[PDB]
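Asker: If it helps, the file is called query26.cif and holds mmCIF, N, CA, C and O atoms:
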data_start
#
loop_
_atom_site.label_atom_id
_atom_site.label_comp_id
_atom_site.auth_asym_id
_atom_site.auth_seq_id
_atom_site.Cartn_x
_atom_site.Cartn_y
_atom_site.Cartn_z
N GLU A 1 122.18 -15.33 -67.58
CA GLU A 1 121.36 -14.81 -68.71
C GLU A 1 119.97 -15.44 -68.66
O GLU A 1 119.82 -16.61 -68.34
N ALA A 2 118.95 -14.69 -68.98
CA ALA A 2 117.58 -15.25 -68.95
C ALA A 2 117.48 -16.42 -69.93
O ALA A 2 116.74 -17.36 -69.72
N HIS A 3 118.23 -16.37 -71.00
CA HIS A 3 118.18 -17.48 -72.00
C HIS A 3 118.56 -18.80 -71.31
O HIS A 3 118.02 -19.84 -71.61
N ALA A 4 119.50 -18.75 -70.41
CA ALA A 4 119.92 -19.99 -69.70
C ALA A 4 118.77 -20.51 -68.85
O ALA A 4 118.61 -21.70 -68.65
N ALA A 5 117.95 -19.63 -68.33
CA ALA A 5 116.81 -20.08 -67.49
C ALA A 5 115.81 -20.86 -68.34
O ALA A 5 115.10 -21.72 -67.86
N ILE A 6 115.77 -20.58 -69.62
CA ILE A 6 114.82 -21.32 -70.51
C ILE A 6 115.32 -22.74 -70.71
O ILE A 6 114.58 -23.70 -70.57
N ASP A 7 116.58 -22.90 -71.02
CA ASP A 7 117.14 -24.26 -71.22
C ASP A 7 117.23 -24.98 -69.88
O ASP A 7 116.95 -26.16 -69.77
N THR A 8 117.60 -24.29 -68.84
CA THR A 8 117.70 -24.94 -67.51
C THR A 8 116.37 -25.64 -67.21
O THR A 8 116.32 -26.84 -67.00
N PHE A 9 115.30 -24.90 -67.20
CA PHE A 9 113.98 -25.52 -66.93
C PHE A 9 113.76 -26.67 -67.90
O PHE A 9 113.28 -27.73 -67.53
N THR A 10 114.12 -26.49 -69.15
CA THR A 10 113.95 -27.59 -70.14
C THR A 10 114.85 -28.76 -69.75
O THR A 10 114.55 -29.91 -70.01
N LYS A 11 115.96 -28.47 -69.12
CA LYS A 11 116.89 -29.56 -68.71
C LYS A 11 116.37 -30.21 -67.43
O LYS A 11 116.50 -31.39 -67.21
N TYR A 12 115.78 -29.42 -66.56
CA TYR A 12 115.26 -29.98 -65.28
C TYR A 12 113.74 -30.16 -65.36
O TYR A 12 113.24 -31.27 -65.29
N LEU A 13 113.01 -29.09 -65.50
CA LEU A 13 111.53 -29.21 -65.58
C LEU A 13 111.14 -30.12 -66.75
O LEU A 13 110.02 -30.57 -66.85
N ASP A 14 112.06 -30.40 -67.63
CA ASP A 14 111.73 -31.28 -68.79
C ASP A 14 110.61 -30.64 -69.60
O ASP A 14 109.65 -31.29 -69.98
N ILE A 15 110.73 -29.38 -69.88
CA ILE A 15 109.67 -28.68 -70.67
C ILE A 15 110.30 -28.03 -71.90
O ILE A 15 111.50 -28.08 -72.10
N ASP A 16 109.50 -27.42 -72.73
CA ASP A 16 110.06 -26.76 -73.94
C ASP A 16 110.45 -25.32 -73.60
O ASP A 16 110.06 -24.79 -72.59
N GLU A 17 111.23 -24.70 -74.44
CA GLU A 17 111.66 -23.30 -74.16
C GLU A 17 110.44 -22.38 -74.13
O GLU A 17 110.30 -21.54 -73.27
N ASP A 18 109.55 -22.54 -75.08
CA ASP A 18 108.34 -21.68 -75.11
C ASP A 18 107.59 -21.79 -73.78
O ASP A 18 106.98 -20.85 -73.31
N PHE A 19 107.62 -22.95 -73.16
CA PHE A 19 106.91 -23.12 -71.87
C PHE A 19 107.79 -22.57 -70.74
O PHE A 19 107.36 -21.78 -69.93
N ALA A 20 109.03 -23.00 -70.68
CA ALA A 20 109.93 -22.51 -69.61
C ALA A 20 109.89 -20.98 -69.57
O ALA A 20 109.70 -20.38 -68.52
N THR A 21 110.06 -20.34 -70.69
CA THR A 21 110.03 -18.85 -70.71
C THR A 21 108.82 -18.36 -69.92
O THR A 21 108.90 -17.40 -69.19
N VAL A 22 107.69 -19.00 -70.07
CA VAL A 22 106.48 -18.55 -69.32
C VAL A 22 106.75 -18.59 -67.82
O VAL A 22 106.23 -17.79 -67.06
N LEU A 23 107.56 -19.51 -67.37
CA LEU A 23 107.86 -19.59 -65.92
C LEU A 23 108.90 -18.52 -65.58
O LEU A 23 108.77 -17.79 -64.62
N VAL A 24 109.92 -18.40 -66.39
CA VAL A 24 110.96 -17.37 -66.14
C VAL A 24 110.39 -16.00 -66.51
O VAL A 24 110.74 -14.99 -65.95
N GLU A 25 109.50 -15.98 -67.47
CA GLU A 25 108.89 -14.69 -67.90
C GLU A 25 108.05 -14.13 -66.75
O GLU A 25 108.09 -12.95 -66.46
N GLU A 26 107.31 -14.98 -66.08
CA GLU A 26 106.48 -14.50 -64.95
C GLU A 26 107.39 -14.05 -63.80
O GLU A 26 107.06 -13.16 -63.04
N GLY A 27 108.55 -14.64 -63.68
CA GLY A 27 109.48 -14.24 -62.59
C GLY A 27 110.01 -15.49 -61.88
O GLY A 27 110.32 -15.46 -60.70
N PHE A 28 110.11 -16.59 -62.57
CA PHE A 28 110.62 -17.83 -61.93
C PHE A 28 111.88 -18.31 -62.67
O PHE A 28 111.82 -19.18 -63.52
N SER A 29 113.01 -17.74 -62.36
CA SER A 29 114.27 -18.16 -63.04
C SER A 29 114.99 -19.21 -62.20
O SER A 29 116.02 -19.73 -62.59
N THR A 30 114.47 -19.53 -61.05
CA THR A 30 115.14 -20.54 -60.19
C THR A 30 114.19 -21.72 -59.95
O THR A 30 113.01 -21.54 -59.74
N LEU A 31 114.70 -22.92 -59.98
CA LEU A 31 113.82 -24.10 -59.76
C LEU A 31 113.20 -24.00 -58.36
O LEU A 31 112.13 -24.53 -58.11
N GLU A 32 113.86 -23.34 -57.46
CA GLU A 32 113.31 -23.21 -56.08
C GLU A 32 111.96 -22.48 -56.14
O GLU A 32 111.00 -22.90 -55.53
N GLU A 33 111.88 -21.40 -56.86
CA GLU A 33 110.59 -20.67 -56.95
C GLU A 33 109.52 -21.59 -57.53
O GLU A 33 108.40 -21.63 -57.08
N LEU A 34 109.87 -22.33 -58.55
CA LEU A 34 108.88 -23.26 -59.18
C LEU A 34 108.52 -24.38 -58.20
O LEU A 34 107.37 -24.73 -58.04
N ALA A 35 109.50 -24.94 -57.54
CA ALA A 35 109.22 -26.05 -56.59
C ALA A 35 108.72 -25.48 -55.25
O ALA A 35 107.87 -26.06 -54.60
N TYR A 36 109.25 -24.37 -54.84
CA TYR A 36 108.82 -23.78 -53.54
C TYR A 36 107.39 -23.24 -53.68
O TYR A 36 106.60 -23.31 -52.77
N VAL A 37 107.06 -22.73 -54.83
CA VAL A 37 105.68 -22.21 -55.04
C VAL A 37 104.73 -23.40 -55.16
O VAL A 37 105.03 -24.37 -55.82
N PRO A 38 103.56 -23.33 -54.51
CA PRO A 38 102.57 -24.41 -54.54
C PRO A 38 101.90 -24.54 -55.90
O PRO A 38 101.99 -23.67 -56.75
N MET A 39 101.23 -25.64 -56.11
CA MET A 39 100.55 -25.86 -57.42
C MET A 39 99.58 -24.71 -57.71
O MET A 39 99.75 -23.97 -58.65
N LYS A 40 98.56 -24.56 -56.90
CA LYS A 40 97.58 -23.46 -57.14
C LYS A 40 98.31 -22.15 -57.45
O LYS A 40 98.08 -21.53 -58.47
N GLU A 41 99.18 -21.71 -56.58
CA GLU A 41 99.90 -20.43 -56.83
C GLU A 41 100.55 -20.48 -58.21
O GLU A 41 100.54 -19.52 -58.95
N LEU A 42 101.12 -21.60 -58.56
CA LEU A 42 101.79 -21.71 -59.89
C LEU A 42 100.73 -21.85 -60.98
O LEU A 42 100.86 -21.29 -62.06
N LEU A 43 99.68 -22.59 -60.73
CA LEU A 43 98.62 -22.75 -61.76
C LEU A 43 97.91 -21.42 -61.98
O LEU A 43 97.32 -21.18 -63.02
N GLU A 44 97.95 -20.55 -61.01
CA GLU A 44 97.27 -19.23 -61.17
C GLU A 44 98.11 -18.34 -62.09
O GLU A 44 97.60 -17.41 -62.69
N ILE A 45 99.38 -18.61 -62.19
CA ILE A 45 100.26 -17.77 -63.06
C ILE A 45 99.49 -17.30 -64.30
O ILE A 45 99.72 -16.21 -64.80
N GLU A 46 98.58 -18.09 -64.79
CA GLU A 46 97.81 -17.66 -65.99
C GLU A 46 96.77 -18.73 -66.35
O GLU A 46 95.66 -18.71 -65.86
N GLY A 47 97.11 -19.65 -67.21
CA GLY A 47 96.13 -20.70 -67.60
C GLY A 47 96.83 -22.06 -67.65
O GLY A 47 96.67 -22.82 -68.59
N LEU A 48 97.60 -22.38 -66.65
CA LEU A 48 98.30 -23.69 -66.63
C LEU A 48 97.32 -24.79 -66.22
O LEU A 48 96.30 -24.53 -65.60
N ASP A 49 97.60 -26.02 -66.56
CA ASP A 49 96.68 -27.13 -66.19
C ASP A 49 97.01 -27.63 -64.78
O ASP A 49 98.09 -27.42 -64.28
N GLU A 50 96.08 -28.28 -64.14
CA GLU A 50 96.32 -28.79 -62.77
C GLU A 50 97.52 -29.75 -62.77
O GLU A 50 98.43 -29.62 -61.97
N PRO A 51 97.52 -30.74 -63.68
CA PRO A 51 98.61 -31.72 -63.78
C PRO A 51 99.91 -31.08 -64.30
O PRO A 51 100.97 -31.28 -63.74
N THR A 52 99.82 -30.32 -65.35
CA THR A 52 101.05 -29.67 -65.89
C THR A 52 101.74 -28.88 -64.78
O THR A 52 102.94 -28.94 -64.62
N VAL A 53 100.98 -28.15 -64.01
CA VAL A 53 101.59 -27.36 -62.90
C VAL A 53 101.99 -28.31 -61.77
O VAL A 53 102.99 -28.12 -61.11
N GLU A 54 101.21 -29.33 -61.55
CA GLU A 54 101.53 -30.29 -60.46
C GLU A 54 102.81 -31.05 -60.82
O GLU A 54 103.67 -31.26 -59.98
N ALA A 55 102.95 -31.46 -62.05
CA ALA A 55 104.17 -32.20 -62.45
C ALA A 55 105.34 -31.23 -62.59
O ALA A 55 106.47 -31.56 -62.28
N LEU A 56 105.08 -30.03 -63.03
CA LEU A 56 106.18 -29.04 -63.19
C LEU A 56 106.83 -28.79 -61.83
O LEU A 56 108.04 -28.75 -61.71
N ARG A 57 106.05 -28.63 -60.80
CA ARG A 57 106.63 -28.39 -59.45
C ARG A 57 107.39 -29.64 -59.00
O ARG A 57 108.54 -29.56 -58.61
N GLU A 58 106.78 -30.78 -59.07
CA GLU A 58 107.48 -32.03 -58.66
C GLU A 58 108.89 -32.03 -59.25
O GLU A 58 109.86 -32.31 -58.58
N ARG A 59 109.01 -31.72 -60.51
CA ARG A 59 110.35 -31.70 -61.15
C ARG A 59 111.22 -30.65 -60.47
O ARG A 59 112.37 -30.88 -60.17
N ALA A 60 110.68 -29.48 -60.24
CA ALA A 60 111.48 -28.41 -59.58
C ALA A 60 112.20 -28.98 -58.36
O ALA A 60 113.41 -28.92 -58.26
N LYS A 61 111.47 -29.53 -57.42
CA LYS A 61 112.12 -30.09 -56.21
C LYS A 61 113.06 -31.23 -56.62
O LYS A 61 114.21 -31.26 -56.26
N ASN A 62 112.56 -32.17 -57.39
CA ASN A 62 113.43 -33.30 -57.83
C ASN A 62 114.69 -32.74 -58.49
O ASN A 62 115.79 -33.19 -58.24
N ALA A 63 114.54 -31.75 -59.33
CA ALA A 63 115.73 -31.16 -60.00
C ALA A 63 116.59 -30.46 -58.95
O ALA A 63 117.80 -30.61 -58.94
N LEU A 64 115.99 -29.72 -58.06
CA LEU A 64 116.78 -29.03 -57.01
C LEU A 64 117.56 -30.07 -56.21
O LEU A 64 118.69 -29.84 -55.81
N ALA A 65 116.97 -31.21 -55.98
CA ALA A 65 117.69 -32.27 -55.22
C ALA A 65 119.04 -32.54 -55.87
O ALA A 65 120.06 -32.59 -55.22
N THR A 66 119.06 -32.69 -57.17
CA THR A 66 120.34 -32.95 -57.87
C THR A 66 121.21 -31.69 -57.79
O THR A 66 122.37 -31.75 -57.41
N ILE A 67 120.67 -30.56 -58.14
CA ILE A 67 121.47 -29.30 -58.07
C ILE A 67 122.22 -29.26 -56.74
O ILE A 67 123.37 -28.88 -56.68
N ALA A 68 121.57 -29.64 -55.68
CA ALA A 68 122.25 -29.63 -54.35
C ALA A 68 123.47 -30.54 -54.41
O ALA A 68 124.42 -30.36 -53.67
N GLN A 69 123.46 -31.51 -55.28
CA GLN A 69 124.63 -32.43 -55.38
C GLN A 69 125.83 -31.65 -55.91
O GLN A 69 126.94 -31.82 -55.44
N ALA A 70 125.62 -30.79 -56.86
CA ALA A 70 126.75 -29.99 -57.41
C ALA A 70 127.05 -28.82 -56.48
O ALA A 70 128.16 -28.34 -56.39
N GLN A 71 126.05 -28.35 -55.77
CA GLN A 71 126.27 -27.21 -54.84
C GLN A 71 127.29 -27.61 -53.78
O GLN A 71 128.07 -26.80 -53.32
N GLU A 72 127.30 -28.85 -53.38
CA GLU A 72 128.28 -29.30 -52.35
C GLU A 72 129.70 -29.13 -52.89
O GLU A 72 130.63 -28.86 -52.15
N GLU A 73 129.89 -29.30 -54.17
CA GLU A 73 131.25 -29.15 -54.75
C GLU A 73 131.70 -27.69 -54.64
O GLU A 73 132.87 -27.40 -54.49
N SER A 74 130.78 -26.77 -54.71
CA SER A 74 131.16 -25.33 -54.61
C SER A 74 130.62 -24.74 -53.31
O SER A 74 129.62 -25.19 -52.78
N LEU A 75 131.28 -23.75 -52.78
CA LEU A 75 130.80 -23.14 -51.50
C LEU A 75 129.37 -22.63 -51.69
O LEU A 75 128.56 -22.68 -50.78
N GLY A 76 129.05 -22.15 -52.85
CA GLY A 76 127.67 -21.64 -53.09
C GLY A 76 126.79 -22.77 -53.64
O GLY A 76 125.71 -22.55 -54.13
#
Once you've parsed the file, please lay out its structure as C-alpha coordinates.
Answerer:
Amino acid sequence: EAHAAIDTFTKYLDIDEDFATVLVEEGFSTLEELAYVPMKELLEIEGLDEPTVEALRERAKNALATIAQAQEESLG
(Lines of atoms letter the chains of each structure in order from A and count residues from 1; the text may use other names and numbers.)
(Lines give C-alpha, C1' and ligand atoms only; values in the text may rest on other atoms or scores of the structure.)
Protein backbone atom coordinates (compact mmCIF):
# COMPACT_ATOMS: atom_id res chain seq x y z
CA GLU A 1 0.00 0.00 0.00
CA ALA A 2 1.30 3.51 -0.75
CA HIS A 3 0.51 4.42 2.88
CA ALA A 4 3.19 1.95 4.00
CA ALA A 5 5.73 3.75 1.78
CA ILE A 6 5.09 6.92 3.81
CA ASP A 7 5.83 5.29 7.18
CA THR A 8 8.65 3.16 5.73
CA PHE A 9 10.58 6.26 4.62
CA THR A 10 9.76 7.80 8.02
CA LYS A 11 11.13 4.61 9.63
CA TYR A 12 14.25 4.56 7.43
CA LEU A 13 14.70 8.00 5.83
CA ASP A 14 13.81 9.33 9.30
CA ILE A 15 11.44 11.90 7.77
CA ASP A 16 7.81 12.93 8.35
CA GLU A 17 4.88 11.45 6.39
CA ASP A 18 4.19 14.78 4.65
CA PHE A 19 7.80 14.67 3.40
CA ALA A 20 8.01 10.94 2.61
CA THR A 21 4.82 11.20 0.53
CA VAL A 22 6.66 13.74 -1.64
CA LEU A 23 9.25 11.03 -2.38
CA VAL A 24 6.68 8.27 -2.92
CA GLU A 25 4.35 10.80 -4.57
CA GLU A 26 6.99 11.62 -7.20
CA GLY A 27 7.50 7.88 -7.79
CA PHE A 28 9.96 6.71 -5.11
CA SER A 29 8.29 3.96 -3.04
CA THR A 30 11.55 2.01 -2.62
CA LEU A 31 14.60 3.14 -0.63
CA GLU A 32 16.68 1.93 -3.59
CA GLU A 33 15.26 4.64 -5.87
CA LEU A 34 15.97 7.27 -3.19
CA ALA A 35 19.48 5.93 -2.48
CA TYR A 36 20.19 4.84 -6.07
CA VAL A 37 19.10 8.25 -7.39
CA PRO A 38 21.86 10.89 -7.03
CA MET A 39 21.48 14.05 -4.93
CA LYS A 40 21.00 16.48 -7.85
CA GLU A 41 18.50 14.14 -9.55
CA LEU A 42 16.67 13.87 -6.22
CA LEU A 43 17.06 17.58 -5.38
CA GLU A 44 15.55 18.37 -8.80
CA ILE A 45 12.37 16.49 -7.84
CA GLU A 46 11.05 19.98 -7.01
CA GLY A 47 12.48 22.32 -4.35
CA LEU A 48 14.44 20.07 -1.96
CA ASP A 49 17.51 21.47 -0.17
CA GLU A 50 21.06 20.33 -1.01
CA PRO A 51 21.59 18.85 2.51
CA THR A 52 18.03 17.53 2.98
CA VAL A 53 18.39 15.62 -0.31
CA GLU A 54 22.01 14.71 0.47
CA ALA A 55 21.09 13.31 3.90
CA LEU A 56 17.88 11.71 2.59
CA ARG A 57 19.87 9.62 0.09
CA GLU A 58 22.55 8.66 2.64
CA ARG A 59 19.74 7.18 4.76
CA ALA A 60 18.29 5.34 1.75
CA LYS A 61 21.51 3.34 1.27
CA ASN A 62 22.11 3.02 5.03
CA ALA A 63 18.50 1.84 5.42
CA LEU A 64 18.81 -0.52 2.43
CA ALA A 65 21.90 -2.00 4.12
CA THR A 66 19.70 -3.16 7.02
CA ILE A 67 16.81 -4.23 4.76
CA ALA A 68 19.34 -6.57 3.11
CA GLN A 69 19.74 -8.13 6.57
CA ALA A 70 16.08 -9.23 6.60
CA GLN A 71 16.16 -10.05 2.87
CA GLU A 72 18.61 -12.87 3.65
CA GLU A 73 15.95 -14.47 5.88
CA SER A 74 13.55 -14.61 2.91
CA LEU A 75 14.35 -15.76 -0.65
CA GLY A 76 13.24 -12.31 -1.86
Asker: DSSP says helix (DSSP H, G or I) for which residues of chain A? Put them as a CSV table (one decimal) with N, CA, C and O atoms, in the frame of the given file?
Answerer:
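What landed in part.csv:
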chain,number,residue,atom,x,y,z
A,2,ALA,N,119.0,-14.7,-69.0
A,2,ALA,CA,117.6,-15.2,-69.0
A,2,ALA,C,117.5,-16.4,-69.9
A,2,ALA,O,116.7,-17.4,-69.7
A,3,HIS,N,118.2,-16.4,-71.0
A,3,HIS,CA,118.2,-17.5,-72.0
A,3,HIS,C,118.6,-18.8,-71.3
A,3,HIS,O,118.0,-19.8,-71.6
A,4,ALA,N,119.5,-18.8,-70.4
A,4,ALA,CA,119.9,-20.0,-69.7
A,4,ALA,C,118.8,-20.5,-68.8
A,4,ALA,O,118.6,-21.7,-68.6
A,5,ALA,N,118.0,-19.6,-68.3
A,5,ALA,CA,116.8,-20.1,-67.5
A,5,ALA,C,115.8,-20.9,-68.3
A,5,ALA,O,115.1,-21.7,-67.9
A,6,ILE,N,115.8,-20.6,-69.6
A,6,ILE,CA,114.8,-21.3,-70.5
A,6,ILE,C,115.3,-22.7,-70.7
A,6,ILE,O,114.6,-23.7,-70.6
A,7,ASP,N,116.6,-22.9,-71.0
A,7,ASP,CA,117.1,-24.3,-71.2
A,7,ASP,C,117.2,-25.0,-69.9
A,7,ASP,O,117.0,-26.2,-69.8
A,8,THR,N,117.6,-24.3,-68.8
A,8,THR,CA,117.7,-24.9,-67.5
A,8,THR,C,116.4,-25.6,-67.2
A,8,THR,O,116.3,-26.8,-67.0
A,9,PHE,N,115.3,-24.9,-67.2
A,9,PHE,CA,114.0,-25.5,-66.9
A,9,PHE,C,113.8,-26.7,-67.9
A,9,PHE,O,113.3,-27.7,-67.5
A,10,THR,N,114.1,-26.5,-69.2
A,10,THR,CA,114.0,-27.6,-70.1
A,10,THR,C,114.8,-28.8,-69.8
A,10,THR,O,114.6,-29.9,-70.0
A,11,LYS,N,116.0,-28.5,-69.1
A,11,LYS,CA,116.9,-29.6,-68.7
A,11,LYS,C,116.4,-30.2,-67.4
A,11,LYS,O,116.5,-31.4,-67.2
A,12,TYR,N,115.8,-29.4,-66.6
A,12,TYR,CA,115.3,-30.0,-65.3
A,12,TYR,C,113.7,-30.2,-65.4
A,12,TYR,O,113.2,-31.3,-65.3
A,17,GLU,N,111.2,-24.7,-74.4
A,17,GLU,CA,111.7,-23.3,-74.2
A,17,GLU,C,110.4,-22.4,-74.1
A,17,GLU,O,110.3,-21.5,-73.3
A,18,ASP,N,109.6,-22.5,-75.1
A,18,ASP,CA,108.3,-21.7,-75.1
A,18,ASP,C,107.6,-21.8,-73.8
A,18,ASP,O,107.0,-20.8,-73.3
A,19,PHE,N,107.6,-23.0,-73.2
A,19,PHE,CA,106.9,-23.1,-71.9
A,19,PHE,C,107.8,-22.6,-70.7
A,19,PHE,O,107.4,-21.8,-69.9
A,20,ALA,N,109.0,-23.0,-70.7
A,20,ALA,CA,109.9,-22.5,-69.6
A,20,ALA,C,109.9,-21.0,-69.6
A,20,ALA,O,109.7,-20.4,-68.5
A,21,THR,N,110.1,-20.3,-70.7
A,21,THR,CA,110.0,-18.8,-70.7
A,21,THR,C,108.8,-18.4,-69.9
A,21,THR,O,108.9,-17.4,-69.2
A,22,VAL,N,107.7,-19.0,-70.1
A,22,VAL,CA,106.5,-18.6,-69.3
A,22,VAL,C,106.8,-18.6,-67.8
A,22,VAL,O,106.2,-17.8,-67.1
A,23,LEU,N,107.6,-19.5,-67.4
A,23,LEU,CA,107.9,-19.6,-65.9
A,23,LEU,C,108.9,-18.5,-65.6
A,23,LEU,O,108.8,-17.8,-64.6
A,24,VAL,N,109.9,-18.4,-66.4
A,24,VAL,CA,111.0,-17.4,-66.1
A,24,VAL,C,110.4,-16.0,-66.5
A,24,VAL,O,110.7,-15.0,-66.0
A,25,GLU,N,109.5,-16.0,-67.5
A,25,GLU,CA,108.9,-14.7,-67.9
A,25,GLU,C,108.0,-14.1,-66.8
A,25,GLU,O,108.1,-13.0,-66.5
A,26,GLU,N,107.3,-15.0,-66.1
A,26,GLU,CA,106.5,-14.5,-65.0
A,26,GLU,C,107.4,-14.0,-63.8
A,26,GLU,O,107.1,-13.2,-63.0
A,31,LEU,N,114.7,-22.9,-60.0
A,31,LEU,CA,113.8,-24.1,-59.8
A,31,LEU,C,113.2,-24.0,-58.4
A,31,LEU,O,112.1,-24.5,-58.1
A,32,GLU,N,113.9,-23.3,-57.5
A,32,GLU,CA,113.3,-23.2,-56.1
A,32,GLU,C,112.0,-22.5,-56.1
A,32,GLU,O,111.0,-22.9,-55.5
A,33,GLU,N,111.9,-21.4,-56.9
A,33,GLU,CA,110.6,-20.7,-57.0
A,33,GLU,C,109.5,-21.6,-57.5
A,33,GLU,O,108.4,-21.6,-57.1
A,34,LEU,N,109.9,-22.3,-58.6
A,34,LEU,CA,108.9,-23.3,-59.2
A,34,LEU,C,108.5,-24.4,-58.2
A,34,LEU,O,107.4,-24.7,-58.0
A,35,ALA,N,109.5,-24.9,-57.5
A,35,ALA,CA,109.2,-26.0,-56.6
A,35,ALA,C,108.7,-25.5,-55.2
A,35,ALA,O,107.9,-26.1,-54.6
A,36,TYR,N,109.2,-24.4,-54.8
A,36,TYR,CA,108.8,-23.8,-53.5
A,36,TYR,C,107.4,-23.2,-53.7
A,36,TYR,O,106.6,-23.3,-52.8
A,39,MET,N,101.2,-25.6,-56.1
A,39,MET,CA,100.6,-25.9,-57.4
A,39,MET,C,99.6,-24.7,-57.7
A,39,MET,O,99.8,-24.0,-58.6
A,40,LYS,N,98.6,-24.6,-56.9
A,40,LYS,CA,97.6,-23.5,-57.1
A,40,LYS,C,98.3,-22.2,-57.4
A,40,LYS,O,98.1,-21.5,-58.5
A,41,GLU,N,99.2,-21.7,-56.6
A,41,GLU,CA,99.9,-20.4,-56.8
A,41,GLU,C,100.6,-20.5,-58.2
A,41,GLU,O,100.5,-19.5,-59.0
A,42,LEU,N,101.1,-21.6,-58.6
A,42,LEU,CA,101.8,-21.7,-59.9
A,42,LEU,C,100.7,-21.8,-61.0
A,42,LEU,O,100.9,-21.3,-62.1
A,43,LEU,N,99.7,-22.6,-60.7
A,43,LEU,CA,98.6,-22.8,-61.8
A,43,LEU,C,97.9,-21.4,-62.0
A,43,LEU,O,97.3,-21.2,-63.0
A,44,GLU,N,98.0,-20.6,-61.0
A,44,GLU,CA,97.3,-19.2,-61.2
A,44,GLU,C,98.1,-18.3,-62.1
A,44,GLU,O,97.6,-17.4,-62.7
A,50,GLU,N,96.1,-28.3,-64.1
A,50,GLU,CA,96.3,-28.8,-62.8
A,50,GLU,C,97.5,-29.8,-62.8
A,50,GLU,O,98.4,-29.6,-62.0
A,51,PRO,N,97.5,-30.7,-63.7
A,51,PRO,CA,98.6,-31.7,-63.8
A,51,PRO,C,99.9,-31.1,-64.3
A,51,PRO,O,101.0,-31.3,-63.7
A,52,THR,N,99.8,-30.3,-65.4
A,52,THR,CA,101.0,-29.7,-65.9
A,52,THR,C,101.7,-28.9,-64.8
A,52,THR,O,102.9,-28.9,-64.6
A,53,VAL,N,101.0,-28.2,-64.0
A,53,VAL,CA,101.6,-27.4,-62.9
A,53,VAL,C,102.0,-28.3,-61.8
A,53,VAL,O,103.0,-28.1,-61.1
A,54,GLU,N,101.2,-29.3,-61.6
A,54,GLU,CA,101.5,-30.3,-60.5
A,54,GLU,C,102.8,-31.0,-60.8
A,54,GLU,O,103.7,-31.3,-60.0
A,55,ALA,N,103.0,-31.5,-62.0
A,55,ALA,CA,104.2,-32.2,-62.4
A,55,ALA,C,105.3,-31.2,-62.6
A,55,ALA,O,106.5,-31.6,-62.3
A,56,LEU,N,105.1,-30.0,-63.0
A,56,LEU,CA,106.2,-29.0,-63.2
A,56,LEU,C,106.8,-28.8,-61.8
A,56,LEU,O,108.0,-28.8,-61.7
A,57,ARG,N,106.0,-28.6,-60.8
A,57,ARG,CA,106.6,-28.4,-59.4
A,57,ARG,C,107.4,-29.6,-59.0
A,57,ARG,O,108.5,-29.6,-58.6
A,58,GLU,N,106.8,-30.8,-59.1
A,58,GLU,CA,107.5,-32.0,-58.7
A,58,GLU,C,108.9,-32.0,-59.2
A,58,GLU,O,109.9,-32.3,-58.6
A,59,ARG,N,109.0,-31.7,-60.5
A,59,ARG,CA,110.4,-31.7,-61.2
A,59,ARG,C,111.2,-30.6,-60.5
A,59,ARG,O,112.4,-30.9,-60.2
A,60,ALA,N,110.7,-29.5,-60.2
A,60,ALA,CA,111.5,-28.4,-59.6
A,60,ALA,C,112.2,-29.0,-58.4
A,60,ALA,O,113.4,-28.9,-58.3
A,61,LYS,N,111.5,-29.5,-57.4
A,61,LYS,CA,112.1,-30.1,-56.2
A,61,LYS,C,113.1,-31.2,-56.6
A,61,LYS,O,114.2,-31.3,-56.3
A,62,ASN,N,112.6,-32.2,-57.4
A,62,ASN,CA,113.4,-33.3,-57.8
A,62,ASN,C,114.7,-32.7,-58.5
A,62,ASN,O,115.8,-33.2,-58.2
A,63,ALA,N,114.5,-31.8,-59.3
A,63,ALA,CA,115.7,-31.2,-60.0
A,63,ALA,C,116.6,-30.5,-59.0
A,63,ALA,O,117.8,-30.6,-58.9
A,64,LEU,N,116.0,-29.7,-58.1
A,64,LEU,CA,116.8,-29.0,-57.0
A,64,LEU,C,117.6,-30.1,-56.2
A,64,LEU,O,118.7,-29.8,-55.8
A,65,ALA,N,117.0,-31.2,-56.0
A,65,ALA,CA,117.7,-32.3,-55.2
A,65,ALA,C,119.0,-32.5,-55.9
A,65,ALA,O,120.1,-32.6,-55.2
A,66,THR,N,119.1,-32.7,-57.2
A,66,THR,CA,120.3,-33.0,-57.9
A,66,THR,C,121.2,-31.7,-57.8
A,66,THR,O,122.4,-31.8,-57.4
A,67,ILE,N,120.7,-30.6,-58.1
A,67,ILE,CA,121.5,-29.3,-58.1
A,67,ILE,C,122.2,-29.3,-56.7
A,67,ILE,O,123.4,-28.9,-56.7
A,68,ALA,N,121.6,-29.6,-55.7
A,68,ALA,CA,122.2,-29.6,-54.4
A,68,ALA,C,123.5,-30.5,-54.4
A,68,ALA,O,124.4,-30.4,-53.7
A,69,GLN,N,123.5,-31.5,-55.3
A,69,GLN,CA,124.6,-32.4,-55.4
A,69,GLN,C,125.8,-31.6,-55.9
A,69,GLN,O,126.9,-31.8,-55.4
A,70,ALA,N,125.6,-30.8,-56.9
A,70,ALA,CA,126.8,-30.0,-57.4
A,70,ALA,C,127.0,-28.8,-56.5
A,70,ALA,O,128.2,-28.3,-56.4
A,71,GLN,N,126.0,-28.4,-55.8
A,71,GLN,CA,126.3,-27.2,-54.8
A,71,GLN,C,127.3,-27.6,-53.8
A,71,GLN,O,128.1,-26.8,-53.3
Asker: Using only N, CA, C and O atoms, find the one residue out of A:6, A:29, A:13, A:66 that sits nearest to residue A:52.
Answerer: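 Closest residue, counting only N, CA, C and O atoms: A:13.
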Asker: Work out how far apart atom CA of residue A:58 and atom N of residue A:39 are and give it in Å to one decimal.
Answerer: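 These atoms are spaced 9.3 Å apart.
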Asker: Find the distance between atom N of residue A:7 and atom O of residue A:54 and write it in Å to one decimal.
Answerer: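 Atom O of residue A:54 lies 18.9 Å from atom N of residue A:7.
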Asker: Could you check the closest approach to residue A:64 for each of A:1, A:32, A:43, A:21 and tell me which residue wins, using all atoms listed in the file?
Answerer: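 Checking each of A:1, A:32, A:43, A:21 against residue A:64, counting all atoms listed in the file, the winner is A:32.
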Asker: I need the output of the PyMOL selection byres (((chain A and resi 10 and name CA) around 12) and name CA) for this file as JSON, numbers by chain; which residues are they?
Answerer: {"A": [3, 4, 5, 6, 7, 8, 9, 11, 12, 13, 14, 15, 16, 17, 18, 19, 20, 21, 22, 23, 24, 29, 31, 56, 59, 60, 63]}
Asker: To one decimal in Å, tell me the separation between atom C of residue A:34 and atom O of residue A:57.
Answerer: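 Distance reported for this atom pair: 5.2 Å.
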Asker: Hey, what's within 8 Å of residue A:40 if we count all atoms listed in the file and toss same-chain stuff fewer than 3 positions away? As a list in words, please?
Answerer: residues 37, 43, 44, 45, 46, 48, 49, 50, 53 and 54 of chain A
